[PDB]
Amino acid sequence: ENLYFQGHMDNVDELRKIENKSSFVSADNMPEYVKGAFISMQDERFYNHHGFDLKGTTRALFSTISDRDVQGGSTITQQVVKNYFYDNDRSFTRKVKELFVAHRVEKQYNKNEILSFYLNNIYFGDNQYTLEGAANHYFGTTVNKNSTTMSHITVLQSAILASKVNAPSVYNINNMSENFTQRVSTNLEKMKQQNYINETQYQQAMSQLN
């Protein structure tokens, strides 16, 4: 139930209402590896593109025979639009409208604002529509880098949540399927390759996962 934070997007300022969520946490207030868990898994060149990543997608496709640089179907900006629009059936017309509106979102907002709308208005499972709500509910940890009161979200937990949003009703944190732990393992490897974490952090996280 997140209907209030959804709409038809008559104006892109409708996304500003996500800022009034009680568990809202700004991207600026999160540790880099937390944001990197999502960026690395969903849209590696998030900061560099204008919501479409046409160049990087085309290179990943035709520069190498390997699928090493191939990413998922949607940039974070496209995921923000899809999650702001009311729940609906997935089709090429709705995807096309989302692409169009993503261009309007990129024009108005900076990358940290877009990333804040992303992490505070996507489904993580168990009625959690914010990254802070999810970290609290699942681990009792926090994504606010300034907290002196609460245990800080780990590298592993950040990767678990960044992978979880692809199938939040299916991927189960308590009883992780082989597929879910493969997704998380790949997420940890991408965080390392994209320099959000180091070998120490990576091994500690892989050890904890295993």
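Numbers follow the displayed sequence, beginning with 1.
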**Asked** Going by the B-factors listed in the PDB entry, is the mean over the C-alpha atoms higher for 80-88 or for 102-110?
**Response** 102-110
**Asked** Going by the B-factors listed in the PDB entry, is the mean over the C-alpha atoms higher for 58-66 or for 139-147?
**Response** 58-66
**Message:** Take the CA temperature factors straight from the PDB entry and tell me which of 176, 160, 167, 30 peaks.
**Reply:** 176
**Message:** Ranking the modelled residues of this chain by C-alpha B-factor as given in the entry, is residue 35 in the lowest, middle or highest third?
**Reply:** lowest
**Request:** Taking the values exactly as deposited, rank residue 14 by C-alpha B-factor within its chain and report the matching third: lowest, middle or highest.
**Result:** lowest
**Request:** Pull the Cα B-factor of residue 25 out of the PDB entry and bin it into the chain's lowest, middle or highest third.
**Result:** lowest
**Request:** Ordered by C-alpha B-factor within the chain, which third holds residue 130? Give me lowest, middle or highest, please.
**Result:** lowest
**Lowest, middle or highest third - CA B-factor, residue 74** = middle
